[PDB]
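Here is the file structure.cif (mmCIF, C-alpha atoms and all ligand atoms).
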data_entry
loop_
_atom_site.group_PDB
_atom_site.id
_atom_site.type_symbol
_atom_site.label_atom_id
_atom_site.label_comp_id
_atom_site.auth_asym_id
_atom_site.auth_seq_id
_atom_site.Cartn_x
_atom_site.Cartn_y
_atom_site.Cartn_z
ATOM 1 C CA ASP Z 1 0.000 0.000 0.000
ATOM 2 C CA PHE Z 2 2.862 2.376 0.811
ATOM 3 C CA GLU Z 3 4.997 3.209 -2.174
ATOM 4 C CA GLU Z 4 8.699 2.545 -1.900
ATOM 5 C CA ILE Z 5 10.903 5.297 -0.546
ATOM 6 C CA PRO Z 6 14.599 5.672 -1.583
ATOM 7 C CA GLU Z 7 16.933 2.929 -0.274
ATOM 8 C CA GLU Z 8 19.332 5.506 1.275
ATOM 9 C CA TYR Z 9 16.800 5.975 4.116
ATOM 10 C CA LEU Z 10 17.109 2.354 5.257
ATOM 11 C CA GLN Z 11 20.857 1.674 4.955
ATOM 12 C CA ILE F 1 -9.558 11.052 11.973
ATOM 13 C CA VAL F 2 -13.287 10.345 11.836
ATOM 14 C CA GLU F 3 -15.525 13.075 10.329
ATOM 15 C CA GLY F 4 -12.559 15.259 9.324
ATOM 16 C CA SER F 5 -11.782 16.643 5.838
ATOM 17 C CA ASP F 6 -8.716 16.588 3.683
ATOM 18 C CA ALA F 7 -6.163 19.096 4.874
ATOM 19 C CA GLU F 8 -4.879 21.791 2.472
ATOM 20 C CA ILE F 9 -1.341 21.807 1.157
ATOM 21 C CA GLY F 10 0.967 23.351 3.809
ATOM 22 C CA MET F 11 -1.874 23.577 6.451
ATOM 23 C CA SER F 12 0.098 21.725 9.205
ATOM 24 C CA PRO F 13 3.761 22.045 8.093
ATOM 25 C CA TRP F 14 4.831 20.586 11.468
ATOM 26 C CA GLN F 15 2.939 17.270 10.978
ATOM 27 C CA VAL F 16 5.380 14.364 11.022
ATOM 28 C CA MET F 17 4.846 10.646 10.188
ATOM 29 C CA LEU F 18 6.641 7.967 12.235
ATOM 30 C CA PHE F 19 7.240 5.303 9.659
ATOM 31 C CA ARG F 20 8.505 1.787 10.372
ATOM 32 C CA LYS F 21 11.218 0.361 8.133
ATOM 33 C CA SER F 22 10.130 -3.359 7.956
ATOM 34 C CA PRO F 23 7.301 -3.894 7.479
ATOM 35 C CA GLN F 24 7.178 -0.382 6.015
ATOM 36 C CA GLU F 25 4.178 1.136 7.755
ATOM 37 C CA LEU F 26 2.560 4.175 9.335
ATOM 38 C CA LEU F 27 3.112 3.851 13.008
ATOM 39 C CA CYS F 28 1.950 7.188 14.463
ATOM 40 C CA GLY F 29 1.918 10.928 13.955
ATOM 41 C CA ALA F 30 4.428 13.318 15.631
ATOM 42 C CA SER F 31 5.173 17.083 15.413
ATOM 43 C CA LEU F 32 8.250 19.145 14.430
ATOM 44 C CA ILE F 33 9.068 21.507 17.340
ATOM 45 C CA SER F 34 12.638 22.611 16.234
ATOM 46 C CA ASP F 35 14.842 21.724 13.229
ATOM 47 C CA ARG F 36 16.216 18.664 15.185
ATOM 48 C CA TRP F 37 13.396 17.672 17.635
ATOM 49 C CA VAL F 38 10.187 15.722 17.138
ATOM 50 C CA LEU F 39 7.549 15.226 19.829
ATOM 51 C CA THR F 40 5.249 12.184 19.907
ATOM 52 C CA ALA F 41 3.418 9.949 22.350
ATOM 53 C CA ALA F 42 5.533 7.408 24.280
ATOM 54 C CA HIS F 43 3.037 4.595 23.686
ATOM 55 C CA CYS F 44 3.857 4.862 20.024
ATOM 56 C CA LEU F 45 7.289 3.489 20.908
ATOM 57 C CA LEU F 46 7.001 1.596 24.167
ATOM 58 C CA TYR F 47 3.958 -0.410 25.187
ATOM 59 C CA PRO F 48 4.966 -3.683 26.923
ATOM 60 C CA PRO F 49 1.405 -5.242 27.002
ATOM 61 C CA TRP F 50 1.746 -5.675 23.202
ATOM 62 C CA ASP F 51 5.496 -6.069 23.284
ATOM 63 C CA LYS F 52 6.184 -2.684 21.520
ATOM 64 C CA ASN F 53 9.634 -1.320 22.241
ATOM 65 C CA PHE F 54 11.121 0.413 19.185
ATOM 66 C CA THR F 55 14.644 1.821 18.882
ATOM 67 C CA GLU F 56 16.096 4.582 16.682
ATOM 68 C CA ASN F 57 16.967 2.029 13.999
ATOM 69 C CA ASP F 58 13.440 0.822 13.524
ATOM 70 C CA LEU F 59 11.958 4.236 12.876
ATOM 71 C CA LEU F 60 12.074 6.876 10.211
ATOM 72 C CA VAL F 61 10.461 10.297 10.390
ATOM 73 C CA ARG F 62 8.873 11.616 7.148
ATOM 74 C CA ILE F 63 8.294 15.395 7.223
ATOM 75 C CA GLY F 64 6.420 17.612 4.713
ATOM 76 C CA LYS F 65 3.796 15.054 3.681
ATOM 77 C CA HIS F 66 0.271 15.300 2.477
ATOM 78 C CA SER F 67 -0.346 11.990 0.685
ATOM 79 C CA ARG F 68 -0.202 9.050 3.106
ATOM 80 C CA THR F 69 1.297 6.290 0.946
ATOM 81 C CA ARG F 70 3.320 8.093 -1.696
ATOM 82 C CA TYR F 71 6.924 9.189 -1.556
ATOM 83 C CA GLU F 72 6.379 12.886 -2.413
ATOM 84 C CA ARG F 73 9.664 13.269 -4.237
ATOM 85 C CA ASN F 74 11.258 16.753 -3.864
ATOM 86 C CA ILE F 75 8.623 17.738 -1.274
ATOM 87 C CA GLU F 76 9.050 15.549 1.835
ATOM 88 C CA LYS F 77 12.225 14.831 3.800
ATOM 89 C CA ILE F 78 13.010 11.597 5.649
ATOM 90 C CA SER F 79 15.283 11.742 8.721
ATOM 91 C CA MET F 80 16.745 9.127 10.995
ATOM 92 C CA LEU F 81 16.842 9.307 14.719
ATOM 93 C CA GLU F 82 19.809 9.884 16.890
ATOM 94 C CA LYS F 83 17.998 9.412 20.258
ATOM 95 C CA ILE F 84 14.520 8.743 21.785
ATOM 96 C CA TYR F 85 13.716 9.928 25.322
ATOM 97 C CA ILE F 86 10.549 8.657 26.976
ATOM 98 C CA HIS F 87 9.210 10.501 30.022
ATOM 99 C CA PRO F 88 10.800 8.729 33.064
ATOM 100 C CA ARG F 89 7.357 8.311 34.631
ATOM 101 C CA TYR F 90 5.347 7.363 31.584
ATOM 102 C CA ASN F 91 2.637 5.047 33.103
ATOM 103 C CA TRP F 92 1.890 2.311 30.567
ATOM 104 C CA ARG F 93 0.690 -0.072 33.215
ATOM 105 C CA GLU F 94 -2.431 1.881 34.250
ATOM 106 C CA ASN F 95 -3.675 4.939 32.229
ATOM 107 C CA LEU F 96 -0.864 6.144 29.799
ATOM 108 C CA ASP F 97 -0.171 9.053 32.121
ATOM 109 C CA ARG F 98 2.752 11.192 30.792
ATOM 110 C CA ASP F 99 2.460 9.707 27.333
ATOM 111 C CA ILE F 100 5.181 11.911 25.788
ATOM 112 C CA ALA F 101 8.516 11.160 24.054
ATOM 113 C CA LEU F 102 11.118 13.291 22.313
ATOM 114 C CA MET F 103 13.169 12.150 19.339
ATOM 115 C CA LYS F 104 16.394 13.840 18.291
ATOM 116 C CA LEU F 105 16.940 13.638 14.529
ATOM 117 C CA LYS F 106 20.233 12.633 13.076
ATOM 118 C CA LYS F 107 20.579 15.891 11.081
ATOM 119 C CA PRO F 108 18.651 19.199 11.076
ATOM 120 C CA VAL F 109 15.941 19.411 8.497
ATOM 121 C CA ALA F 110 15.599 22.576 6.409
ATOM 122 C CA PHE F 111 12.296 24.308 6.453
ATOM 123 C CA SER F 112 10.281 24.939 3.371
ATOM 124 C CA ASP F 113 6.729 25.925 2.559
ATOM 125 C CA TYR F 114 5.811 22.366 3.626
ATOM 126 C CA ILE F 115 8.142 21.888 6.595
ATOM 127 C CA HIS F 116 7.970 24.361 9.527
ATOM 128 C CA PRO F 117 7.948 23.863 13.386
ATOM 129 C CA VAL F 118 5.050 24.520 15.730
ATOM 130 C CA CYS F 119 5.411 26.545 18.925
ATOM 131 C CA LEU F 120 5.148 25.050 22.372
ATOM 132 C CA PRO F 121 3.023 27.060 24.783
ATOM 133 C CA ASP F 122 4.213 29.206 27.658
ATOM 134 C CA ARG F 123 2.261 29.421 30.948
ATOM 135 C CA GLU F 124 0.204 32.368 29.741
ATOM 136 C CA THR F 125 -0.785 30.837 26.443
ATOM 137 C CA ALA F 126 -1.736 27.563 28.194
ATOM 138 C CA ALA F 127 -3.785 29.550 30.666
ATOM 139 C CA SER F 128 -5.598 31.620 28.064
ATOM 140 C CA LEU F 129 -6.357 28.916 25.502
ATOM 141 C CA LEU F 130 -6.946 25.699 27.395
ATOM 142 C CA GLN F 131 -10.519 26.533 28.276
ATOM 143 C CA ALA F 132 -13.530 24.257 27.795
ATOM 144 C CA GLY F 133 -15.402 25.235 24.643
ATOM 145 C CA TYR F 134 -12.371 26.468 22.696
ATOM 146 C CA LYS F 135 -11.524 24.426 19.613
ATOM 147 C CA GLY F 136 -8.248 22.880 18.712
ATOM 148 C CA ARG F 137 -7.278 20.999 15.581
ATOM 149 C CA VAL F 138 -5.986 17.468 15.226
ATOM 150 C CA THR F 139 -4.432 16.080 12.095
ATOM 151 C CA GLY F 140 -3.302 12.598 11.024
ATOM 152 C CA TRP F 141 -3.374 9.781 8.465
ATOM 153 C CA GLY F 142 -5.182 7.434 10.871
ATOM 154 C CA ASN F 143 -8.298 5.455 10.294
ATOM 155 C CA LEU F 144 -11.458 7.087 9.061
ATOM 156 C CA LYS F 145 -13.810 4.846 11.028
ATOM 157 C CA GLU F 146 -13.385 2.806 14.199
ATOM 158 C CA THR F 147 -13.628 -0.392 12.110
ATOM 159 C CA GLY F 155 -11.066 2.784 5.668
ATOM 160 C CA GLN F 156 -7.723 4.720 5.672
ATOM 161 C CA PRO F 157 -7.311 8.116 3.836
ATOM 162 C CA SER F 158 -5.187 9.091 0.810
ATOM 163 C CA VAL F 159 -4.336 12.542 2.170
ATOM 164 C CA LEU F 160 -3.797 14.124 5.626
ATOM 165 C CA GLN F 161 -7.131 14.727 7.424
ATOM 166 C CA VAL F 162 -8.066 17.574 9.805
ATOM 167 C CA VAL F 163 -10.916 17.929 12.372
ATOM 168 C CA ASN F 164 -11.458 20.920 14.790
ATOM 169 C CA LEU F 165 -12.704 19.777 18.242
ATOM 170 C CA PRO F 166 -13.693 21.620 21.457
ATOM 171 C CA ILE F 167 -11.963 21.067 24.783
ATOM 172 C CA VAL F 168 -14.276 19.455 27.387
ATOM 173 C CA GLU F 169 -14.692 20.258 31.071
ATOM 174 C CA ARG F 170 -12.712 17.775 33.133
ATOM 175 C CA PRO F 171 -15.792 16.466 35.154
ATOM 176 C CA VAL F 172 -17.351 15.420 31.883
ATOM 177 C CA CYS F 173 -14.155 13.639 30.778
ATOM 178 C CA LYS F 174 -13.794 11.750 34.051
ATOM 179 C CA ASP F 175 -17.440 10.682 33.978
ATOM 180 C CA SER F 176 -17.156 9.270 30.472
ATOM 181 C CA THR F 177 -14.637 6.559 31.430
ATOM 182 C CA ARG F 178 -13.636 4.157 34.199
ATOM 183 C CA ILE F 179 -9.951 5.002 33.576
ATOM 184 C CA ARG F 180 -8.265 7.323 36.043
ATOM 185 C CA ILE F 181 -7.637 10.821 34.544
ATOM 186 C CA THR F 182 -4.577 12.744 35.878
ATOM 187 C CA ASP F 183 -3.759 16.424 35.500
ATOM 188 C CA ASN F 184 -1.426 15.495 32.621
ATOM 189 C CA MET F 185 -4.259 14.826 30.147
ATOM 190 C CA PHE F 186 -7.276 16.738 28.819
ATOM 191 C CA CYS F 187 -10.081 15.404 26.593
ATOM 192 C CA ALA F 188 -11.768 16.970 23.642
ATOM 193 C CA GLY F 189 -14.679 16.250 21.356
ATOM 194 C CA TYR F 190 -18.318 17.097 20.939
ATOM 195 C CA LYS F 191 -21.027 15.901 23.292
ATOM 196 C CA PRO F 192 -23.750 13.516 21.947
ATOM 197 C CA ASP F 193 -25.910 16.682 22.213
ATOM 198 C CA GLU F 194 -23.930 18.830 19.751
ATOM 199 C CA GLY F 195 -24.927 17.359 16.379
ATOM 200 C CA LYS F 196 -21.249 17.582 15.384
ATOM 201 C CA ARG F 197 -18.841 14.669 15.359
ATOM 202 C CA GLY F 198 -15.187 13.964 15.044
ATOM 203 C CA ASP F 199 -12.315 12.330 16.818
ATOM 204 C CA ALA F 200 -8.844 10.989 16.176
ATOM 205 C CA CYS F 201 -8.599 7.232 15.699
ATOM 206 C CA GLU F 202 -5.993 4.494 15.435
ATOM 207 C CA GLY F 203 -2.918 5.657 13.510
ATOM 208 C CA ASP F 204 -3.295 9.204 14.757
ATOM 209 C CA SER F 205 -1.650 8.746 18.209
ATOM 210 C CA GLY F 206 1.442 10.966 18.634
ATOM 211 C CA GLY F 207 0.124 13.768 16.435
ATOM 212 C CA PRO F 208 -0.612 17.354 17.487
ATOM 213 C CA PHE F 209 -3.661 19.063 18.958
ATOM 214 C CA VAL F 210 -2.988 22.757 18.123
ATOM 215 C CA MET F 211 -4.595 26.097 18.764
ATOM 216 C CA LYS F 212 -4.036 29.428 17.034
ATOM 217 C CA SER F 213 -3.270 32.307 19.389
ATOM 218 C CA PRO F 214 -5.485 35.349 18.638
ATOM 219 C CA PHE F 215 -2.810 37.502 20.327
ATOM 220 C CA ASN F 216 0.158 36.768 18.108
ATOM 221 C CA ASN F 217 -1.396 34.590 15.328
ATOM 222 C CA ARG F 218 0.935 31.708 15.983
ATOM 223 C CA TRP F 219 -0.031 28.065 16.218
ATOM 224 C CA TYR F 220 0.791 26.305 19.501
ATOM 225 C CA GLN F 221 0.738 22.642 20.170
ATOM 226 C CA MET F 222 -1.333 22.167 23.375
ATOM 227 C CA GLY F 223 -1.780 18.400 23.243
ATOM 228 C CA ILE F 224 -0.493 15.138 21.752
ATOM 229 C CA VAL F 225 -3.117 12.518 20.621
ATOM 230 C CA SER F 226 -2.938 9.923 23.413
ATOM 231 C CA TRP F 227 -5.938 7.596 23.678
ATOM 232 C CA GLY F 228 -9.662 7.095 23.365
ATOM 233 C CA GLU F 229 -12.070 4.160 23.702
ATOM 234 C CA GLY F 230 -13.072 3.416 20.140
ATOM 235 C CA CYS F 231 -13.342 6.263 17.639
ATOM 236 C CA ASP F 232 -16.059 8.878 17.506
ATOM 237 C CA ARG F 233 -18.284 6.842 19.868
ATOM 238 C CA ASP F 234 -21.071 8.992 21.412
ATOM 239 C CA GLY F 235 -20.486 9.684 25.104
ATOM 240 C CA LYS F 236 -16.754 9.195 24.700
ATOM 241 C CA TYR F 237 -13.915 11.712 24.062
ATOM 242 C CA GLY F 238 -10.287 11.518 22.981
ATOM 243 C CA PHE F 239 -7.632 12.216 25.580
ATOM 244 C CA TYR F 240 -4.470 14.121 24.898
ATOM 245 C CA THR F 241 -1.264 14.579 26.852
ATOM 246 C CA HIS F 242 -1.150 18.096 28.445
ATOM 247 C CA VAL F 243 2.070 19.483 26.776
ATOM 248 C CA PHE F 244 2.467 22.530 29.008
ATOM 249 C CA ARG F 245 2.354 20.457 32.285
ATOM 250 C CA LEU F 246 5.266 18.423 30.953
ATOM 251 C CA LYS F 247 7.094 21.369 29.389
ATOM 252 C CA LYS F 248 9.723 21.390 32.119
ATOM 253 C CA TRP F 249 10.631 17.853 31.224
ATOM 254 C CA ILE F 250 10.795 18.913 27.542
ATOM 255 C CA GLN F 251 13.097 21.939 28.179
ATOM 256 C CA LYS F 252 15.309 19.813 30.355
ATOM 257 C CA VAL F 253 16.096 17.092 27.818
ATOM 258 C CA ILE F 254 16.482 19.613 25.083
ATOM 259 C CA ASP F 255 19.012 21.858 26.880
ATOM 260 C CA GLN F 256 20.732 18.888 28.451
ATOM 261 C CA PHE F 257 21.059 16.899 25.172
ATOM 262 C CA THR S 1 15.459 24.379 21.704
ATOM 263 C CA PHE S 2 15.265 26.383 24.878
ATOM 264 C CA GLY S 3 11.585 26.675 25.942
ATOM 265 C CA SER S 4 9.012 28.278 23.622
ATOM 266 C CA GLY S 5 10.587 26.782 20.431
ATOM 267 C CA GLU S 6 12.385 28.164 17.360
ATOM 268 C CA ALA S 7 11.419 31.908 17.144
ATOM 269 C CA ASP S 8 9.560 31.827 13.836
ATOM 270 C CA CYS S 9 7.498 28.811 14.967
ATOM 271 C CA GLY S 10 3.750 28.604 14.356
ATOM 272 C CA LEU S 11 3.693 30.898 11.270
ATOM 273 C CA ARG S 12 2.992 28.925 8.065
ATOM 274 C CA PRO S 13 4.809 29.891 4.797
ATOM 275 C CA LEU S 14 1.641 29.395 2.720
ATOM 276 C CA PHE S 15 -0.851 31.028 5.100
ATOM 277 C CA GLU S 16 0.197 33.486 7.839
ATOM 278 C CA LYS S 17 3.361 34.619 6.027
ATOM 279 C CA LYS S 18 1.239 35.493 2.922
ATOM 280 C CA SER S 19 -1.634 36.658 5.102
ATOM 281 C CA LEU S 20 -3.834 33.838 3.614
ATOM 282 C CA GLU S 21 -6.241 31.794 5.823
ATOM 283 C CA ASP S 22 -7.064 28.100 5.574
ATOM 284 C CA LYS S 23 -10.794 27.252 5.353
ATOM 285 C CA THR S 24 -11.532 26.344 8.968
ATOM 286 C CA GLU S 25 -9.175 28.417 11.136
ATOM 287 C CA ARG S 26 -11.960 30.968 11.475
ATOM 288 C CA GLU S 27 -13.924 28.226 13.332
ATOM 289 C CA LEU S 28 -11.204 28.136 16.000
ATOM 290 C CA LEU S 29 -10.894 31.897 16.563
ATOM 291 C CA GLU S 30 -14.626 32.094 16.721
ATOM 292 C CA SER S 31 -14.625 29.625 19.619
ATOM 293 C CA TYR S 32 -12.210 31.733 21.729
ATOM 294 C CA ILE S 33 -15.236 34.006 22.268
ATOM 295 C CA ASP S 34 -14.233 35.531 18.916
ATOM 296 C CA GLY S 35 -10.705 36.887 18.287
ATOM 297 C CA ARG S 36 -10.409 40.374 16.646
HETATM 298 N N1 LIG V 1 -10.168 7.646 19.525
HETATM 299 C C1 LIG V 1 -9.068 8.280 19.832
HETATM 300 N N2 LIG V 1 -9.076 9.510 20.304
HETATM 301 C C2 LIG V 1 -7.866 7.629 19.647
HETATM 302 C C3 LIG V 1 -6.700 8.380 19.511
HETATM 303 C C4 LIG V 1 -5.476 7.773 19.313
HETATM 304 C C5 LIG V 1 -5.461 6.416 19.260
HETATM 305 N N3 LIG V 1 -4.490 5.599 19.091
HETATM 306 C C6 LIG V 1 -4.999 4.397 19.121
HETATM 307 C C7 LIG V 1 -4.196 3.254 18.977
HETATM 308 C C8 LIG V 1 -4.785 1.982 18.875
HETATM 309 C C9 LIG V 1 -3.996 0.850 18.730
HETATM 310 C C10 LIG V 1 -2.608 0.969 18.689
HETATM 311 C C11 LIG V 1 -2.016 2.227 18.793
HETATM 312 C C12 LIG V 1 -2.802 3.369 18.938
HETATM 313 O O1 LIG V 1 -2.192 4.599 19.042
HETATM 314 N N4 LIG V 1 -6.325 4.375 19.308
HETATM 315 C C13 LIG V 1 -6.573 5.656 19.390
HETATM 316 C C14 LIG V 1 -7.809 6.234 19.588
HETATM 317 NA NA NA V 2 -17.541 11.056 21.028
#
Translate this file's structure into structure tokens.
Ligand SMILES: NC(=[NH2+])c1ccc2[nH]c(-c3ccccc3O)nc2c1
Ligand code: NA
Amino acid sequence: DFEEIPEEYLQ
Amino acid sequence: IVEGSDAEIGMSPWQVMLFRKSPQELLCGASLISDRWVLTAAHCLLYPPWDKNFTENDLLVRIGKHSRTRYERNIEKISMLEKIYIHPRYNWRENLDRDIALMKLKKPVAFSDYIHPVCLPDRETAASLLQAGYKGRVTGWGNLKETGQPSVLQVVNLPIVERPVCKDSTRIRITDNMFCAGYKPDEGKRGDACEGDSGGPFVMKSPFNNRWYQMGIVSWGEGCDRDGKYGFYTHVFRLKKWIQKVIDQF
Amino acid sequence: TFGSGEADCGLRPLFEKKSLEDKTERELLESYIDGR
């Protein structure tokens, strides 16, 4: 349901 | 938010979203009080009855949003946490008394037309605005009905209720660190926060200096928009000394 | 950081700063026994 957010915010 | 409407773009530039990394999900609401500090409800992070105990590393803060599920590229900012401070006397065992937590962001966020902090009240603003009958505003991406989730941020304006009325609407023990708000069954108006909205702000606009102050934090309620019931919020000013202390000590 | 906040807190870029009002703020001021 939530769209993906940029990988750099997970790390 | 039940019986609320879509918010306008830039209406609550201090609204924050506590997002979980895996599963990726909306956890709670929070507010931007400085360029490095976010305020939320402690039960959004620690609630032993359901085994909730999150750490920096499990959360992400998304600021400047409107849409609930989309990554608003070039508009919102995502920050990581450096530290989480829960009120030392948060009472999860009985009534969620002192349901407040502070989160220090890794880096300062830059303000924009969509990102801006809210003010925290001083004794005189608390005194003049926290009066039964006066309306406050709550915002969040929470459920739309008790048992139905929104695409955009929702807003609802609710009146503060006399404390007698709040105490007589529940069997839970009310302390001086909470206040309730909502319409009475006899007001032909509805509205309330609901699941997913905890941690977000209850704000009022000062008619003296036109600034918006955050008077409460969405804390709890028994169901959503049930008649005879009200939502309870943490009393920010009564815990302000604890806020100032961690902020000028950390 | 110190009590009270930031200094420019509570004033929204797209509303107060441009002297524009959102559609329901009037409802709040009206409940503080009217403000103005
Ligand atoms: N009706 C209300 N005023 C209300 C407000 C915040 C809530 N938060 C929750 C909630 C429910 C399950 C897990 C976390 C929550 O914050 N219920 C809530 C109900
Ligand atoms: Na109600």
Subject >> Chain and number of each residue from the PyMOL selection byres (((chain Z and resi 3-11) around 12) and not hetatm), as a count of residues only >> reply: 32
**OP:** Give as a ChimeraX atom specification the residues surrounding ligand LIG 1 (chain V) up to a distance of 8 Å, considering only C-alpha atoms and all ligand atoms.
**Re:** /F:27-28,43-44,146,199-206,225-232,237-240
**OP:** Using the chain letters and numbers from the file, give me the residues hit by the PyMOL selection byres (((not hetatm)) within 7 of (chain V and resi 2)), as a PyMOL selection string.
**Re:** chain F and resi 189-192+197+199+232-237
Subject >> Distance of CA of residue 11 in chain F from CA of residue 155 in chain F, expressed in Å to one decimal place >> reply: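 According to the coordinates, CA of residue 155 in chain F and CA of residue 11 in chain F are separated by 22.7 Å.
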Could you give me, as CSV, every chain F residue with an atom at most 6 Å from chain S, plus its closest atom pair and distance in Å to one decimal, counting only C-alpha atoms, rows ordered by chain then number?
residue,atom,partner,partner_atom,distance
F:34,CA,S:6,CA,5.7
F:113,CA,S:13,CA,4.9
F:117,CA,S:9,CA,5.2
F:118,CA,S:10,CA,4.5
F:119,CA,S:9,CA,5.0
F:120,CA,S:4,CA,5.2
F:134,CA,S:31,CA,5.0
F:135,CA,S:28,CA,5.2
F:214,CA,S:35,CA,5.5
F:218,CA,S:10,CA,4.5
F:219,CA,S:10,CA,4.2
F:251,CA,S:3,CA,5.5
F:254,CA,S:1,CA,5.9
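CA of residue 45 in chain F is found 8.6 Å from CA of residue 86 in chain F.
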**OP:** Identify all residues satisfying the PyMOL selection byres (((chain F and resi 101) around 10) and not hetatm) in the given file; provide them as number ranges by chain.
**Re:** F: 30, 38-46, 84-88, 90, 98-100, 102-103, 206, 250
**OP:** Record the distance separating CA of residue 20 in chain S and CA of residue 213 in chain F, expressed in Å with one decimal.
**Re:** 15.9 Å
Could you give me the axis-aligned bounding box of chain Z, with 5 Å of padding per side, as centre plus edge lengths in Å to one decimal, as JSON?
{"center_x": 10.4, "center_y": 3.0, "center_z": 1.5, "size_x": 30.9, "size_y": 16.0, "size_z": 17.4}
Please output range 16-27 of chain S, rebuilt to include N, CA, C and O atoms, as a PDB file, in the coordinates of the input.
ATOM      1  N   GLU S  16      -0.193  32.254   7.095  1.00  0.00           N
ATOM      2  CA  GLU S  16       0.197  33.486   7.839  1.00  0.00           C
ATOM      3  C   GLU S  16       1.199  34.387   7.142  1.00  0.00           C
ATOM      4  O   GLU S  16       0.936  35.557   7.014  1.00  0.00           O
ATOM      5  N   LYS S  17       2.297  33.833   6.726  1.00  0.00           N
ATOM      6  CA  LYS S  17       3.361  34.619   6.027  1.00  0.00           C
ATOM      7  C   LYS S  17       2.859  35.347   4.754  1.00  0.00           C
ATOM      8  O   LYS S  17       3.441  36.324   4.336  1.00  0.00           O
ATOM      9  N   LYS S  18       1.805  34.863   4.160  1.00  0.00           N
ATOM     10  CA  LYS S  18       1.239  35.493   2.922  1.00  0.00           C
ATOM     11  C   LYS S  18      -0.080  36.141   3.261  1.00  0.00           C
ATOM     12  O   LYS S  18      -0.761  36.651   2.391  1.00  0.00           O
ATOM     13  N   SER S  19      -0.384  36.093   4.525  1.00  0.00           N
ATOM     14  CA  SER S  19      -1.634  36.658   5.102  1.00  0.00           C
ATOM     15  C   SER S  19      -2.841  35.902   4.460  1.00  0.00           C
ATOM     16  O   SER S  19      -3.871  36.495   4.204  1.00  0.00           O
ATOM     17  N   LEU S  20      -2.706  34.614   4.225  1.00  0.00           N
ATOM     18  CA  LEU S  20      -3.834  33.838   3.614  1.00  0.00           C
ATOM     19  C   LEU S  20      -4.386  32.946   4.761  1.00  0.00           C
ATOM     20  O   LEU S  20      -3.646  32.546   5.641  1.00  0.00           O
ATOM     21  N   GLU S  21      -5.648  32.641   4.750  1.00  0.00           N
ATOM     22  CA  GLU S  21      -6.241  31.794   5.823  1.00  0.00           C
ATOM     23  C   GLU S  21      -6.648  30.470   5.235  1.00  0.00           C
ATOM     24  O   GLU S  21      -6.959  30.427   4.060  1.00  0.00           O
ATOM     25  N   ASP S  22      -6.658  29.453   6.063  1.00  0.00           N
ATOM     26  CA  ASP S  22      -7.064  28.100   5.574  1.00  0.00           C
ATOM     27  C   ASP S  22      -8.598  28.137   5.768  1.00  0.00           C
ATOM     28  O   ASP S  22      -9.094  29.015   6.460  1.00  0.00           O
ATOM     29  N   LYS S  23      -9.316  27.208   5.198  1.00  0.00           N
ATOM     30  CA  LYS S  23     -10.794  27.252   5.353  1.00  0.00           C
ATOM     31  C   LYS S  23     -11.440  27.036   6.695  1.00  0.00           C
ATOM     32  O   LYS S  23     -12.594  27.384   6.795  1.00  0.00           O
ATOM     33  N   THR S  24     -10.793  26.491   7.681  1.00  0.00           N
ATOM     34  CA  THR S  24     -11.532  26.344   8.968  1.00  0.00           C
ATOM     35  C   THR S  24     -10.829  27.019  10.126  1.00  0.00           C
ATOM     36  O   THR S  24     -11.256  26.826  11.248  1.00  0.00           O
ATOM     37  N   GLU S  25      -9.807  27.806   9.911  1.00  0.00           N
ATOM     38  CA  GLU S  25      -9.175  28.417  11.136  1.00  0.00           C
ATOM     39  C   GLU S  25     -10.119  29.398  11.782  1.00  0.00           C
ATOM     40  O   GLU S  25     -10.068  29.610  12.973  1.00  0.00           O
ATOM     41  N   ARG S  26     -10.950  29.981  10.978  1.00  0.00           N
ATOM     42  CA  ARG S  26     -11.960  30.968  11.475  1.00  0.00           C
ATOM     43  C   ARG S  26     -12.831  30.277  12.576  1.00  0.00           C
ATOM     44  O   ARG S  26     -13.243  30.879  13.548  1.00  0.00           O
ATOM     45  N   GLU S  27     -13.100  29.013  12.377  1.00  0.00           N
ATOM     46  CA  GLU S  27     -13.924  28.226  13.332  1.00  0.00           C
ATOM     47  C   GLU S  27     -13.241  28.196  14.697  1.00  0.00           C
ATOM     48  O   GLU S  27     -13.907  28.193  15.709  1.00  0.00           O
TER      49      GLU S  27
END
